[PDB]
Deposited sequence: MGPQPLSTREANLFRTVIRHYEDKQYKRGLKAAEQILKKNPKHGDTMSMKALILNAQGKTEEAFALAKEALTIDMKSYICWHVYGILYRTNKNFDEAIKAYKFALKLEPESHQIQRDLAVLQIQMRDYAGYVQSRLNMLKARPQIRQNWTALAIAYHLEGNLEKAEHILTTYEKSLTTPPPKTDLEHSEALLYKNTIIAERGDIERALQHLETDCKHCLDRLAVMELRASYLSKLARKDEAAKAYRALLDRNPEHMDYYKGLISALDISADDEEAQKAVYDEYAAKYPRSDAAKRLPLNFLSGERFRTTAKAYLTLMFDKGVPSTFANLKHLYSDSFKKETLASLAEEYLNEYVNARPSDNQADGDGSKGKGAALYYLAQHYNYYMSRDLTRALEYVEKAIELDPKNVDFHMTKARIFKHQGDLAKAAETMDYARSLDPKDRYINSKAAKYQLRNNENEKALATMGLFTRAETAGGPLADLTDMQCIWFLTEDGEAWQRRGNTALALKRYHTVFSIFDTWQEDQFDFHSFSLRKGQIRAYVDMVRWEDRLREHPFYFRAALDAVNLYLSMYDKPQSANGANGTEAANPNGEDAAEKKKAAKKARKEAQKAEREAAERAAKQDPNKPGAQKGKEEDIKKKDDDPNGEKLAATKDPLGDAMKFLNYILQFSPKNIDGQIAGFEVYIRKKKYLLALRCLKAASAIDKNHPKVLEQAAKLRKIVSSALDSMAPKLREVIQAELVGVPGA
């Protein structure tokens, strides 16, 4: 009974972060009752709460051996696991704790979160059904169970749960209730995902008419009407959206389709665009878009009038806004001719200022720097004439550096970009460009000092630490590739590993929001996030650094509180191909349509002596580009190995290999 109260003072000392006051207390129980499981677990927590991670796990694990039916021991075990980011082992332990103590709202709460975090859908459904049973007066718990069903693929049941709630309402909520408004739209999206566009439009107009998310109602209405081939009405709907946001390409597409105007009819299309250009004089879209389908003289005429506006305004981003048209040779040559034409026609505005002339010369500089119309010599001439006219122009010098880059003079390119930077020291974009160019010239330490001009000053670990903290993947990747080029395998790997960890964080970032989104009621955004997260590492931001790592480990294989800050332990690996697997697995699983990944996978697996996976990569890469030189080489390289080591492989493997190899060489 004194130990009974002493056990309580161990929890009190724990919840007050008084480790010593709690340990010394627990040790007094364990000297009298040394196989008291609940106490051992409580001690395991405090150990873990002070770095004793390995020791805490040994102890917690010992504790639940002694008392296998204690919900505290299992709860603790889970907490440790969840802390060490092993959510899967956490789930197993939370689940059993809850079977031992089903009354625990905390255990059920935390498990449910873990389950959706690991996309244990069936588990999450059961959890929410339970939570809803326990607290059905609270709307969040109904919505949550609908979400679990929805993410599980059970759309019919998710709609049922949503409608069941609505049917309990005695009084219609006021249109100011954002939770109710969001709940109506979420149900609406669910009806459409079930494929019932007829019913979703009906539900939209009947129940969703006054929802607060105005753009959503407007976009859903147009989308449904168009799919139902209700063209007059869809026309009116796309007009509503255009009036709201004259700058959104798809609204014009929608309108134009709804009017039944054929893509061949250039003049009939421009009328629609001219109409909104008149109505909305500041819309760039309403002037620029018609240059996509306009052609011949109609194009030249419209293009001249657009260019005159931009050049007169002195806009330096004119080329960037138009280069998408350069796929058409005619529009390419015509745009250059018009610029030259404007240049010749130019007179100094504001004589009693010359921005128009700078803007045309700058357009021409970029035209001839662009790979689709490249003439680096002429580009140089044009930028120099521009810089004569405007010597302090950052963008002028920036383009100049880029021409040098294309000429192959990386040194000159970094010197010039840095000069450009020095002209606007307050602007981070040009600072970032200069650093990049310096890394492209393999000047890492210089590039890092440039970035130091914008990283928080008294950060510990210098600029690199701040940039790491702020998850700056472009710089980390560039820095790595540069270090690799200099032969510094250690820092190269360290960088690639850092980008890998940033992606682990992004995956873990969604964790607090499984609960938080239920409090906000903004449910469609939540489901958007989840679905994006399910494909997280397909992003080229992951792929680039990851393909670098895999290539560098391949190279290393052929060429035999923060620990390891310079990645020296990384470089000193005895198993590089083993170290490459965590990078490669994501590559092949999330970016299978990417041949570079498949080619790299092949190289890794033949070396690993895993010829079946090698073939799988090869068959993928070949399905993407039959006659790619590398897939042809690897195809031929594989066949030699197969004929060689086939006596050593199992007969079933031998069979599958030879059979699926003949398919496509």
In sequence order, what intervals of the deposited sequence carry no C-alpha positions?
-> 1-7, 360-366, 575-638, 744-745
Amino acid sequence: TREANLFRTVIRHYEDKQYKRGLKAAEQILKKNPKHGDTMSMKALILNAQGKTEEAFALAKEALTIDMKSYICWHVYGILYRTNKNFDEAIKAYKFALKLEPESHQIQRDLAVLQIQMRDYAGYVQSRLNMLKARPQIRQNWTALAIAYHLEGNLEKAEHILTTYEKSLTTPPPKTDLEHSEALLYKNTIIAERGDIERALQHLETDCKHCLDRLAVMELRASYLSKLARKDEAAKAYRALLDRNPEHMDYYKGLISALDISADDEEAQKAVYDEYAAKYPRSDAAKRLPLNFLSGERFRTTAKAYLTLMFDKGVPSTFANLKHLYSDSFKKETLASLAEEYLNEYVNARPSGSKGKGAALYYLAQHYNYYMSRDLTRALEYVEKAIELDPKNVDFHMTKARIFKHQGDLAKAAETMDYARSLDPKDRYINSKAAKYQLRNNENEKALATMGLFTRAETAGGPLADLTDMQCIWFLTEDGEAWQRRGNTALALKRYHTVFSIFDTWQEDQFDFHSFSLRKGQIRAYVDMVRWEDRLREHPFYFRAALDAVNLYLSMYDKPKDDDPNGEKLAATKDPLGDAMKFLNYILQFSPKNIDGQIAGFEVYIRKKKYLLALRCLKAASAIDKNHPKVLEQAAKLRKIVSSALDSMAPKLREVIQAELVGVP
From here on, numbers count along this sequence of modelled residues.
Entry-level comparison of average CA B-factors, 399-407 and 427-435, reporting the higher stretch | 399-407
Which of 251-259 and 211-219 has higher mean CA B factor, as the PDB entry lists it = 251-259
Among 573, 498, 450, 168, which carries the highest Cα B-factor?
-> 573
Per the PDB entry, which option out of 582, 355, 304, 350 has the greatest Cα B factor?
-> 350
Would you please rank residue 601 by its C-alpha temperature factor against the other modelled residues of its chain and give the third it falls in: lowest, middle or highest?
-> middle
In terms of the chain's CA B-factor thirds, is residue 560 lowest, middle or highest?
-> highest
Considering only modelled residues of the same chain, in which third does the CA B-factor of residue 515 rank: lowest, middle or highest?
-> lowest
Could you look up the Cα B-factor of residue 545 in the entry and say which third of the chain it sits in: lowest, middle or highest?
-> lowest
Residue 278: CA B-factor among chain residues, third -> middle
